[PDB]
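Take a look at the structure below.
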Amino acid sequence: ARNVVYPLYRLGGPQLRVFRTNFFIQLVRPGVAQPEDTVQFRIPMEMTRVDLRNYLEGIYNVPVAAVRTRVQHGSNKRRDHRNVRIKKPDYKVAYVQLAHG
Amino acid sequence: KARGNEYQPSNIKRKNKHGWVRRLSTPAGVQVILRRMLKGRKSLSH
Amino acid sequence: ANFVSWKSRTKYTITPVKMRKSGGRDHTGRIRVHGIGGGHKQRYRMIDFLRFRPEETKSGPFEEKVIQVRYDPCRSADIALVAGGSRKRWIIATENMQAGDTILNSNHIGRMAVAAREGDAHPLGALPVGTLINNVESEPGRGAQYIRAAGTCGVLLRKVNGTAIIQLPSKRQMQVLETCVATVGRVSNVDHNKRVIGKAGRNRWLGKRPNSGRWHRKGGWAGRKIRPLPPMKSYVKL
Amino acid sequence: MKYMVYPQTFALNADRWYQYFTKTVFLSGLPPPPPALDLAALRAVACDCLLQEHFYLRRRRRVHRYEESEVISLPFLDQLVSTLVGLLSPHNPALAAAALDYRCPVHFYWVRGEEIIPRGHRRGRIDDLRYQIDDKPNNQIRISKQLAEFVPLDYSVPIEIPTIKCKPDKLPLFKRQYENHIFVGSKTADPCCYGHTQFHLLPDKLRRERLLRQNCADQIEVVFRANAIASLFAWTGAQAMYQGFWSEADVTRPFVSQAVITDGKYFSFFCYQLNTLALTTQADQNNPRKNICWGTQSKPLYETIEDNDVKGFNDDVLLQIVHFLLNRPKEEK
Amino acid sequence: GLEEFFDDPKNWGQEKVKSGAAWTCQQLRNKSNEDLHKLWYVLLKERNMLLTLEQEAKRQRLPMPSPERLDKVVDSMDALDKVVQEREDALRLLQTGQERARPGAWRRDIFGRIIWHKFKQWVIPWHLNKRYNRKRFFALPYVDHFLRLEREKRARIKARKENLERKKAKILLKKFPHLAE
Amino acid sequence: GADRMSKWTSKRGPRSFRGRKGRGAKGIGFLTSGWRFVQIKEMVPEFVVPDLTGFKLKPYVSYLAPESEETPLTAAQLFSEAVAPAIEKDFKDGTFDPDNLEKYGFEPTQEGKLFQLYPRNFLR
Amino acid sequence: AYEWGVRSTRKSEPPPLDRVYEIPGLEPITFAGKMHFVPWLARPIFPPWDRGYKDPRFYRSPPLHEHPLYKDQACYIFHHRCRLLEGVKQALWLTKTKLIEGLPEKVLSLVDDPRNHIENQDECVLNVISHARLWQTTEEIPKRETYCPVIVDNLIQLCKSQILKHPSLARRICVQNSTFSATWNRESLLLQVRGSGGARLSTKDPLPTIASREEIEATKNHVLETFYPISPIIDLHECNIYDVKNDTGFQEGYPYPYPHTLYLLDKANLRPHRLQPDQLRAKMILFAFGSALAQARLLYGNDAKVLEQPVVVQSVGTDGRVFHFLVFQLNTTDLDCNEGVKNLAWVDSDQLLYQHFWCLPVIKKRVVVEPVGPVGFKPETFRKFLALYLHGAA
RNA sequence: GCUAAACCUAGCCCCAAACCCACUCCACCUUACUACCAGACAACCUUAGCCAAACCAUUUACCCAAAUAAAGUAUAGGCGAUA
RNA sequence: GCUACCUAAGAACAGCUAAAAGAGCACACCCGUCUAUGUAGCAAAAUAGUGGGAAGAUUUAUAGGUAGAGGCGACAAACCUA
RNA sequence: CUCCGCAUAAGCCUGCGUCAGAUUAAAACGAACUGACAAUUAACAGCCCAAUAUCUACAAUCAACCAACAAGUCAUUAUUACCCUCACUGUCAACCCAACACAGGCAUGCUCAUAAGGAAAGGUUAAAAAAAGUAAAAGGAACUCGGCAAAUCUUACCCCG
Ligand SMILES: [K+]
Ligand SMILES: [K+]
Ligand SMILES: [K+]
Ligand SMILES: [K+]
Ligand SMILES: [K+]
Ligand SMILES: [Mg+2]
Ligand SMILES: [Mg+2]
Ligand SMILES: [Mg+2]
Ligand SMILES: [Mg+2]
Ligand SMILES: [Mg+2]
Ligand SMILES: [Mg+2]
Ligand SMILES: [Mg+2]
Ligand SMILES: [Mg+2]
Ligand SMILES: [Mg+2]
Ligand SMILES: [Mg+2]
Ligand SMILES: [Mg+2]
Ligand SMILES: [Mg+2]
Ligand SMILES: [Mg+2]
Ligand SMILES: [Mg+2]
Ligand SMILES: [Mg+2]
Ligand SMILES: [Mg+2]
Ligand SMILES: [Mg+2]
Ligand SMILES: [Mg+2]
Ligand SMILES: [Mg+2]
Ligand SMILES: [Mg+2]
Ligand SMILES: [Mg+2]
Ligand SMILES: [Mg+2]
Ligand SMILES: [Mg+2]
Ligand SMILES: [Mg+2]
Ligand SMILES: [Mg+2]
Ligand SMILES: [Mg+2]
């Protein structure tokens with residue numbers, strides 16, 4: 001989840017479980033040529049590749065083999081009125097490979 | 001010889017010389033931060 | 001400032017220890033002594049100036065075989081690596097000390113004198129009168145401090161009332177107890193004072209920065225000062 | 001800038017990409033074929049080596065699963081290769097004079113294809129696509145003579161070489177600039193210049209259990225094929241360039257090599273025949289030659305190890321290893 | 001599978017798509033926790049679909065078929081979160097009496113300002129934590145002047161606001177005489 | 001000469017600065033010798049997705065649903081709905097005691113529970 | 001005496017405690033209830049804290065005297081890193097053996113037959129040297145850690161290529177990462193050799209006895225040489241937390257139990273790190289004695305007696321250019337006394353395989369002087385190595 | 001005829017009255033805005049000068065709890081400036 | 001973060017004669033003797049030619065230290081953000 | 001033409017990729033200006049390593065001969081504890097420090113003349129003065145404070161250090 005305090009873990013102990021996750025993803029069309037089994041998503045910063053794999057395999061039941069994530073940086077070059085930079089938000093681009101051909 | 005390039009950028013040096021921890025280490029830096037807060041500066045420390 | 005002394009090792013060992021130069025700066029970062037800085041990188045080798053240091057589970061006089069005699073950057077003399085029992089130590093080599101020799105460290109004081117065999121350590125009372133010695137200690141168990149430099153040696157001038165009167169290399173008389181352990185003979189590198197630097201770069205190699213170019217007018221302190229010998233310095237407490 | 005091609009790779013379907021990069025067609029099975037040996041003794045030696053590395057040797061450390069690979073499998077492979085070549089030297093005289101190298105670097109540098117630079121001041125300019133393979137086979141065998149060709153230099157296959165639909169960067173494959181090396185495991189002055197057999201051990205990262213957990217069950221054979229193709233192509237190209245053949249002076253004779261990939265419990269066997277080095281676009285526009293890589297499915301050498309016994313030893317796998325080691329160069333009249 | 005990220009193929013390309021109302025707080029309270037969980041997952045799937053559609057519309061420079069659906073889904077999910085939080089807060093108040101689920105305290109900072117410090121989860125005790133001990137939760141007697149200056153600045157701002165409001169009221173009364181009554 | 005106004009992220013500074021800064025993702029393991037990362041499955045969050053077969057609820061609600069009054073849930077309301085019937089029944093029957101509030105549903109201490117209300121040791 | 005460690009580097013003393021604690025019957029008011037430090041309030045006294053649960057990454061071991069295997073008696077352990085001061089003499093004193101210069105006559109004569117010689121011996125050895133020193137890697141000048149084990153492995157393979165001539169050479173293997181431990185007594189001093197690393201030649205046929213019972217009995221006249229005033233246990237790890245066991249390096253049932261030859265390497269790239277030849281020979285002697293003693297204790301029990309069947313172990317210690325050969329025959333297990341039957345050690349010392357190798361050509365006055373290749377090659381060292389390898393088979 | 005010119009609000013100032021601030025969630029004293037390990041570092045201490053005395057060295061007004069008046073009176077001061 | 005000095009761990013120095021060099025000729029590299037141009041200039045100290053050193057008291061990358069009633073200085077009353 | 005060029009480090013932060021406009025480039029279409037849309041995917045680096053005691057004299061210079069002084073970056077063991085695995089961050093560009101699209105400053109690896117990178121001339125005419133070069137009859141310092149500059153690549157001295 002996002003903007004939450006994860007309980008501290010100690011050796012042994014229970015399993016960290018999230019019941020109502022607030023991680024929302026969006027399937028975006030790739031801007032460049034990609035392999036057939038490759039799907040591109042835009043995700044928040046707090047979402048890891050393992051979390052994305054579990055999300056897909058538990059919610060949408062999509063077989064997932066490999067996930068590769070990168071951080072995309074928005075442009076802060078634009079100057080609005082009063083000559084103040086406006087920051088385009090940054091995000092995370094994730095590439096997921098289908099696991100059964 | 002040619003001058004004007006006395007500023008050679010270095011992030012480690014910049015953060016060590018001027019930073020939140022450096023300011024708060026000594027009471028004088030705390031007073032500097034207080035003056036900046038009172039004036040209303042957007043950037044209190046480097 | 002952030003000045004942490006490199007002298008942080010608390011256990012003796014013969015392994016050379018990396019030392020950090022100071023450049024004449026104290027713990028505050030200020031130049032307290034001028035003309036110091038740079039030089040060749042040096043490693044410090046610990047020296048056990050307490051010649052009579054019996055190892056654990058043992059007592060009384062002992063003897064050590066001199067494994068090696070070699071050079072030391074931290075001092076003008078030479079360092080002798082020796083082994084006794086199961087303990088290996090560094091000491092200050094005498095004028096004539098080589099591999100295979102067997103030095104004897106003793107604390108026994110008898111009515112008769114001793115042969116004074118070069119590098120052997122004997123108490124001043126045991127040593128004969130008028131004998132050349134080095135590495136003397138001001139107080140029993142304090143350690144050798146007053147004869148260390150290369151080619152320096154004192155002479156046992158007198159033995160009166162359980163006290164030993166020695167002549168320091170500065171020709172001043174020093175009175176100590178007769179139980180102070182001293183090493184016979186002269187220190188190695190007799191010709192140390194005869195060396196020639198040759199070039200201004202050798203001082204830089206030895207880490208001696210050049211003197212300031214300012215012209216200082218000499219005052220009343222200058223000029224030859226013929227003064228009487230200072231009185232005998234006595235550490236015997238009554 | 002050049003693509004660092006890794007033989008043992010975590011990429012998915014990397015075998016097809018490596019086939020495209022090396023102009024190699026993959027065939028199933030083994031190449032068609034053109035004193036008494038004690039199979040019982042060979043099996044006993046293999047079992048003794050395995051039991052020494054697993055049970056007999058008294059480890060002084062608590063061996064963890066991550067360490068298990070280098071602790072057990074690598075010394076096991078080295079000792080097995082040494083004992084097998086020692087025993088097969090009477091049967092194959094070439095092994096007596098052969099050089100056995102343990103974990104030596106193997107490098108090969110080649111150029112295939114061209115690209116148009118998308119951005120920068122170099123935009124709209126043709127840039128050659130350069131590749132570099134840096135492999136360190138666990139055990140390899142080198143000789144001063146070349147083995148017989150598996151198939152003629154003009155041999156053709158009906159299977160077409162797969163073509164990638166995007167850039168190699170999507171493999172993923174990354175670019176870096178460093179020194180270009182063409183190495184056969186030894187410098188050019190070594191008399192033993194040709195290769196006989198390589199032995200490769202898969203790392204813990206590409207283990208079968210981890211692949212199953214990551215849903216790469218069908219990717220085990222892909223990883224095996226990719227590692228074999230990359231290693232054998234690099235070795236054969238390095239040998240050819242040592243002999244003096246390059247892109248503009250293609251090989252006049254096939255260069256053959258053999259590889260045994262293993263994960264400590266499963267073994268696979270591959271044969272490679274380099275028939276062309278003209279992989280650049282200019283010299284490949286009209287080049288009909290195709291490199292050929294014969295491969296076999298992975299088979300378990302043993303089932304389980306219990307106390308002082310080895311369960312389900314694979315005489316077929318042992319005999320295939322023996323045949324690979326017994327392959328010998330042709331003798332001239 | 002990956003089909004759930006897109007709307008119905010028949011609805012693809014339609015100018016407008018019909019949609020219902022958003023779940024209200026009372027309606028969500030009427031439902032059980034498991035029903036709320038399942039409805040939350042359904043709303044999450046719908047929200048992902050709507051976000052994908054909006055992003056693709058921005059990519060293709062075409063208007064979104066129905067932007068209001070995303071707002072309705074967001075409102076429904078916020079209402080579900082509110083209901084769950086209300087239930088959790090009521091249960092916590094009953095069982096323990098603590099208002100907040102995260103321990104905290106009122107601490108004076110190094111600048112003399114009173115703030116709410118929320119405790120963090122650690123393994124070592126509080127005194128053995130070097131980084132925590134490096135923090136200062138007290139103000140030495142050199143911040144009183146700055147506190148007074150900030151108070152005076154706030155007082156000036158408040159006085160300016162009140163005076164401006166009174167001037168505006170006077171101008172309004174001048175323009176409209178009948179407002180005097 | 002540095003933009004003080006811009007946000008300090010992991011893309012700025014030398015290699016050590018870039019590697020020691022993160023985007024906010026929670027850790028799921030720890031580092032050991034050789035810079036080797038060991039992942040903890042328990043530290044890795046586990047999604048709990050129920051079965052949506054036969055679930056009659058839908059993302060939207062028909063506009064024909066009648067309007068209802070809004071009453072936020074309170075502690076007193078929850079106590080009246082859950083514990084008050086049992087407490088009243090036991091009081092009328094004479095079996096009520098002031099020592100079995102835990103039997104009625106009270107929790108003396110959150111310690112020893114997988115899910116603790118205060119401090120909250122569970123995720124949403 | 002002078003005490004090492006200045007007070008500035010030493011840990012600073014805690015600040016003086018407040019006097020409210022000194023005052024009786026008065027409860028101090030501290031900031032323990034505020035969970036943070038304030039100058040005005042007194043400093044609390046914090047009770048010791050125990051983590052409770054065992055965290056492997058944050059584990060503190062119990063005190064040394066509380067360890068289960070703690071003994072006041074000190075055991076002197078010799079391992080691969082230990083470097084003896086006296087060297088060969090100290091090793092002989094510790095191992096209760098007599099030194100004999102030169103390899104055994106049987107071993108030397110094993111290669112006197114030209115049939116046993118390897119085909120193109122000089123050419124093959126020159127190729128091995130060139131491959132290790134120049135052709136090994138892409139580097140222009142390979143380092144000692146690279147070319148010493150390669151030299152040893154290539155020489156072993158070249159010697160093993162004689163299976164056609166000698167079928168018995170197929171009854172041996174080479175084992176790496178083998179560790180053995182042996183323990184004994186010398187003048188009521190507990191000594192333990194823990195040999196780890198190196199290459200162990202493992203066979204299933206024990207080596208024949210080099211010497212004879214007449215020589216074994218005549219060794220009684222020999223007296224061990226002392227090196228006063230240096231204790232024999234110098235430069236050995238004195239330990240109090242130890243265990244006494246007799247491990248041969250392998251569990252029972254190993255097909256190749258007998259140690260034929262132990263190969264020791266001095267491959268450190270630094271001369272200070274590299275052992276002196278005397279220290280390396282002493283290490284070889286100690287390792288061979290430890291292996292022989294472990295085998296003897298396993299076969300004949302832990303009792304102290306004169307071994308009717310002597311145990312012969314070979315050792316080759318090399319630094320890549322210099323080799324040392326040792327044949328150690330253990331004859332007795334009664335090592336406490338300084339008199340009686342003593343073991344034997346035939347040692348050949350300082351055999352140069354070559355004088356120098358030029359990885360790059362030497363050009364002086366635009367004229368090539370020293371071509372690339374070995375200089376001063378000596379095939380006698382390789383002949384002795386081959387004889388040691390073929391001992392027990394030919 | 002261009003360039004241009006003109007505007008009436010935003011708001012601000014002095015008083016009066018009244019003693020003002022404080023935490024959707026998450027992050028923020030380490031390189032602040034960085035989920036998660038063995039510390040002990042803790043505050044207190046005359047203001048000085050410019051300037052006037054036509055230099056300057058003693059000296060030279062700086063709200064300290066009721067407006068006014070006593071009163072610029074007593075008193076202090078290179079008995080000067082001035083207080 | 002320029003500069004004066006110092007501290008910790010690093011890096012570079014082709015080729016020729018002699019080899020023992022705070023040695024010679026001579027590139028990278030450092031410095032800046034003389035001339036010309038420029039003087040709101042390309043540059044709030046530069047360009048071209050010509051020069052001194054170039055295995056050492058040399059040049060240099062990174063982090064830290066010495067702060068003004070001072071630091072630092074192979075004393076030029078140098079340098080301490082033109 | 002090739003002063004370079006390619007990559008890393010440091011620095012900056014989307015700053016010549018697509019589409020719709022053309023304000024604007026020290027002329028001008030190019031586009032570095034405006035808005036929207038794409039992007040850089042880890043193997044390469046960063047982010048490491050339990051405790052208590054204990055060990056570590058023998059330089060580098062192809063390290064082998066000699067040869068030194070300035071005396072030198074590059075090691076362990078004993079016991080206890082320890083089943084578990086591939087997370088996170090950087091990856092773009094024609095780019096940094098000098099008010100600039102500044103002839104200045106800028107650390108390394110490879111290439112040693114290039115396989116990579118670029119264009120001194122907007123068009124015309126060929127006045128004076130000025131700047132950079134080439135060539136010159138006879139003489140060869142007679143010029144000038146001075147052989148300053150240019151050419152060829154000398155001899156003998158004096159003062160100071
Ligand atoms: K000296
Ligand atoms: K004045
Ligand atoms: K310039
Ligand atoms: K930039
Ligand atoms: K004149
Ligand atoms: Mg990444
Ligand atoms: Mg500036
Ligand atoms: Mg600088
Ligand atoms: Mg000194
Ligand atoms: Mg002087
Ligand atoms: Mg002077
Ligand atoms: Mg005045
Ligand atoms: Mg005046
Ligand atoms: Mg230094
Ligand atoms: Mg040179
Ligand atoms: Mg010179
Ligand atoms: Mg010169
Ligand atoms: Mg002067
Ligand atoms: Mg002057
Ligand atoms: Mg890596
Ligand atoms: Mg790049
Ligand atoms: Mg420079
Ligand atoms: Mg070009
Ligand atoms: Mg021009
Ligand atoms: Mg013109
Ligand atoms: Mg003329
Ligand atoms: Mg004239
Ligand atoms: Mg003339
Ligand atoms: Mg004239
Ligand atoms: Mg001239
Ligand atoms: Mg001079």
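Just remember, in the structure tokens the first chain shown is A, the second B, etc., residues are 1-based per chain, and ligands are 1-based in the order shown.
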
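Near ligand 22, the residues found within 9 Å are residues 30 and 60 of chain I; 105 and 106 of chain J (criterion computed using only C-alpha atoms (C1' of nucleotides) and all ligand atoms).
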
Fill in: Neighbour list for region 190-198 of chain D as a list in words, cut-off 6 Å, only C-alpha atoms (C1' of nucleotides), skip fewer than 6 positions in-chain
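Near neighbours after the sequence-gap exclusion: residues 139, 140, 141, 142, 143, 144, 146, 257, 258 and 259 of chain D.
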
Discussion item. As an exercise, work out the distance from CA of residue 55 (chain E) to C1' of residue 91 (chain J) in Å and give it to one decimal place.
Written reply: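 Rounded to one decimal, the two atoms are 25.8 Å apart.
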
Worksheet entry | Distance filter 12 Å, only C-alpha atoms, chain F against chain D, as an MDAnalysis selection string | chainID F and resid 36:38

Can you write out the residues you just picked, keeping N, CA, C and O atoms, as a PDB file, in the first residue's frame?
ATOM      1  N   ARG F  36      25.375  -8.845  -1.116  1.00  0.00           N
ATOM      2  CA  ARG F  36      24.365  -9.821  -1.502  1.00  0.00           C
ATOM      3  C   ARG F  36      23.072  -9.545  -0.750  1.00  0.00           C
ATOM      4  O   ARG F  36      23.073  -9.442   0.479  1.00  0.00           O
ATOM      5  N   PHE F  37      21.973  -9.431  -1.488  1.00  0.00           N
ATOM      6  CA  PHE F  37      20.682  -9.112  -0.895  1.00  0.00           C
ATOM      7  C   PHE F  37      19.923 -10.393  -0.575  1.00  0.00           C
ATOM      8  O   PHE F  37      19.781 -11.271  -1.433  1.00  0.00           O
ATOM      9  N   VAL F  38      19.438 -10.494   0.659  1.00  0.00           N
ATOM     10  CA  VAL F  38      18.602 -11.601   1.104  1.00  0.00           C
ATOM     11  C   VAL F  38      17.199 -11.054   1.312  1.00  0.00           C
ATOM     12  O   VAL F  38      17.002 -10.107   2.086  1.00  0.00           O
TER      13      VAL F  38
END

Item to complete: Could you please tell me, as a list in words, which residues of chain J have an atom within 10 Å of chain B when using only C-alpha atoms (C1' of nucleotides)?
Response: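 Residues passing the distance filter: residues 10, 11, 12, 96, 97, 98, 104 and 105 of chain J.
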
Within 6 Å of ligand 1, which residues show up when you count only C-alpha atoms (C1' of nucleotides) and all ligand atoms? List them as a short mmCIF file (atom, residue, chain, number, x, y, z; two decimals) with N, CA and C atoms, in the first residue's frame, please.
data_model
loop_
_atom_site.label_atom_id
_atom_site.label_comp_id
_atom_site.auth_asym_id
_atom_site.auth_seq_id
_atom_site.Cartn_x
_atom_site.Cartn_y
_atom_site.Cartn_z
N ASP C 72 65.34 1.91 11.01
CA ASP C 72 64.07 2.43 11.49
C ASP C 72 63.92 3.88 11.03
N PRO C 73 62.79 4.24 10.41
CA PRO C 73 62.61 5.62 9.95
C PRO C 73 62.32 6.59 11.09
N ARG C 75 63.57 6.82 14.05
CA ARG C 75 64.66 7.15 14.97
C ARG C 75 65.97 7.13 14.21
N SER C 76 66.97 7.81 14.77
CA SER C 76 68.29 7.89 14.16
C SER C 76 69.13 6.65 14.43
#

Practice prompt. Using backbone DSSP assignments, extract all alpha helix (DSSP H) residues from region 2-124 of chain F; output them as JSON, numbers by chain.
Written response: {"F": [15, 16, 17, 18, 19, 75, 76, 77, 78, 79, 80, 81, 82, 83, 84, 85, 86, 87, 88, 89, 90, 91, 92, 93, 101, 102, 103, 104]}

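For residue 209 (chain D), the non-local neighbours within 12 Å, defined as residues at least 4 positions apart in the same chain or in other chains and counting only C-alpha atoms (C1' of nucleotides), are residues 204, 205, 213, 214, 215, 216, 217, 219, 220 and 263 of chain D; 85 of chain J.
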
Nearby polymer residues, ligand 10, at most 9 Å, only C-alpha atoms (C1' of nucleotides) and all ligand atoms, as a PDB file with N, CA, C and O atoms, in the first residue's frame:
ATOM      1  N   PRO C 210      60.879  24.062   4.443  1.00  0.00           N
ATOM      2  CA  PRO C 210      61.910  25.102   4.502  1.00  0.00           C
ATOM      3  C   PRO C 210      61.549  26.212   5.477  1.00  0.00           C
ATOM      4  O   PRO C 210      60.383  26.469   5.778  1.00  0.00           O
ATOM      5  N   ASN C 211      62.591  26.870   5.980  1.00  0.00           N
ATOM      6  CA  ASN C 211      62.418  27.949   6.936  1.00  0.00           C
ATOM      7  C   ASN C 211      61.825  29.185   6.263  1.00  0.00           C
ATOM      8  O   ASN C 211      61.920  29.374   5.046  1.00  0.00           O
ATOM      9  N   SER C 212      61.206  30.032   7.079  1.00  0.00           N
ATOM     10  CA  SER C 212      60.592  31.251   6.578  1.00  0.00           C
ATOM     11  C   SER C 212      61.647  32.221   6.060  1.00  0.00           C
ATOM     12  O   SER C 212      62.776  32.272   6.555  1.00  0.00           O
TER      13      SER C 212
END

Check chain C with DSSP on the backbone and list each residue it calls strand (DSSP E or B), as a short mmCIF file (atom, residue, chain, number, x, y, z; two decimals) with C-alpha atoms, in the first residue's frame.
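Result file out-v6.cif:
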data_model
loop_
_atom_site.label_atom_id
_atom_site.label_comp_id
_atom_site.auth_asym_id
_atom_site.auth_seq_id
_atom_site.Cartn_x
_atom_site.Cartn_y
_atom_site.Cartn_z
CA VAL C 17 51.86 0.25 12.28
CA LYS C 18 50.72 2.91 9.82
CA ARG C 25 49.23 20.95 13.58
CA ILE C 31 50.25 25.26 13.40
CA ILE C 36 57.06 20.06 9.62
CA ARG C 43 55.31 2.85 9.25
CA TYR C 44 55.90 2.81 13.00
CA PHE C 62 66.70 -14.21 31.07
CA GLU C 63 68.41 -13.97 27.69
CA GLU C 64 67.26 -13.28 24.14
CA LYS C 65 68.72 -14.18 20.75
CA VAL C 66 69.12 -11.30 18.28
CA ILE C 67 67.31 -12.41 15.13
CA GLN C 68 67.94 -9.24 13.14
CA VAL C 69 69.30 -5.69 13.19
CA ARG C 70 67.79 -3.26 10.69
CA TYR C 71 66.86 0.36 9.95
CA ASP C 78 68.95 0.98 14.47
CA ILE C 79 66.32 -1.47 15.70
CA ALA C 80 67.21 -5.02 16.74
CA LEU C 81 64.52 -7.69 16.55
CA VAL C 82 65.14 -10.28 19.27
CA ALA C 83 63.38 -13.41 20.52
CA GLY C 84 63.24 -14.84 24.03
CA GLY C 85 61.26 -17.92 24.96
CA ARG C 87 58.13 -13.59 22.79
CA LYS C 88 59.54 -11.49 19.95
CA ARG C 89 60.39 -7.83 20.55
CA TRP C 90 62.07 -4.77 19.05
CA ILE C 91 64.84 -3.02 20.99
CA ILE C 92 67.50 -0.40 20.28
CA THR C 94 74.00 -1.20 20.32
CA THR C 102 72.62 -13.58 22.84
CA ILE C 103 71.82 -10.56 25.00
CA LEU C 104 71.25 -11.06 28.74
CA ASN C 105 68.71 -9.06 30.76
CA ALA C 121 71.06 -5.09 30.47
CA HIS C 122 72.16 -4.97 34.11
CA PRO C 123 71.29 -2.73 37.06
CA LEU C 132 79.68 3.20 29.22
CA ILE C 133 75.91 2.68 29.24
CA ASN C 134 72.79 3.67 27.30
CA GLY C 154 76.71 7.92 29.29
CA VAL C 155 79.30 6.87 31.86
CA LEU C 156 78.61 5.50 35.33
CA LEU C 157 80.48 8.20 37.26
CA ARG C 158 79.78 7.11 40.83
CA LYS C 159 77.92 4.64 43.05
CA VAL C 160 77.36 6.19 46.49
CA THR C 163 72.53 5.86 44.33
CA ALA C 164 74.10 6.00 40.88
CA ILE C 165 75.60 9.20 39.46
CA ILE C 166 75.69 9.08 35.65
CA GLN C 167 76.92 11.60 33.09
CA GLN C 173 75.22 14.69 36.20
CA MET C 174 72.07 12.68 36.90
CA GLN C 175 71.46 10.86 40.19
CA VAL C 176 69.12 7.85 40.18
CA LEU C 177 68.55 4.70 42.19
CA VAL C 181 68.27 -1.14 34.54
CA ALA C 182 70.64 0.19 31.88
CA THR C 183 72.17 -1.28 28.73
CA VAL C 184 75.96 -1.29 28.36
CA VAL C 187 74.11 3.01 20.51
CA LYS C 208 61.37 19.16 6.96
CA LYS C 233 69.61 16.48 38.62
CA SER C 234 68.60 13.97 41.30
#

Worksheet entry | Shell around residue 165 (chain G) at 9 Å using only C-alpha atoms (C1' of nucleotides), local window under 2 positions removed, as a list in words |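 Residues near the query, excluding close chain neighbours: residues 115, 116, 161, 162, 163, 167, 169 and 394 of chain G.
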
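Once residue 315 (chain D) and its same-chain neighbours fewer than 6 positions away are set aside, residues 39, 40, 41, 42, 43, 44, 46, 47, 299, 300, 301, 302, 321 and 322 of chain D remain within 12 Å of it when counting only C-alpha atoms (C1' of nucleotides).
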
Item to complete: Starting from chain C, keep only residues with some atom at most 6 Å from an atom of chain G, counting only C-alpha atoms, and report them as a ChimeraX atom specification.
Response: /C:7-10,84-86,141-143

Just the selected residues (C-alpha atoms), exported as an mmCIF file, in the first residue's frame, please.
data_model
loop_
_atom_site.group_PDB
_atom_site.id
_atom_site.type_symbol
_atom_site.label_atom_id
_atom_site.label_comp_id
_atom_site.auth_asym_id
_atom_site.auth_seq_id
_atom_site.Cartn_x
_atom_site.Cartn_y
_atom_site.Cartn_z
ATOM 1 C CA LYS C 7 48.371 6.185 18.638
ATOM 2 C CA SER C 8 45.274 4.131 19.403
ATOM 3 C CA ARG C 9 46.723 0.598 19.443
ATOM 4 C CA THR C 10 46.834 -0.708 23.014
ATOM 5 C CA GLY C 84 63.242 -14.837 24.031
ATOM 6 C CA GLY C 85 61.265 -17.924 24.961
ATOM 7 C CA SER C 86 58.087 -17.419 22.936
ATOM 8 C CA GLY C 141 60.225 0.355 36.039
ATOM 9 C CA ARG C 142 59.629 3.659 34.237
ATOM 10 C CA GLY C 143 61.478 2.632 31.079
#

Discussion item. Neighbouring residues of residue 9 (chain F) were defined as those with any atom within 10 Å, considering only C-alpha atoms (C1' of nucleotides); residues of the same chain fewer than 2 positions away were excluded. Please report them as an MDAnalysis selection string.
Written reply: chainID F and resid 6:7 11:13 17:18 21:23
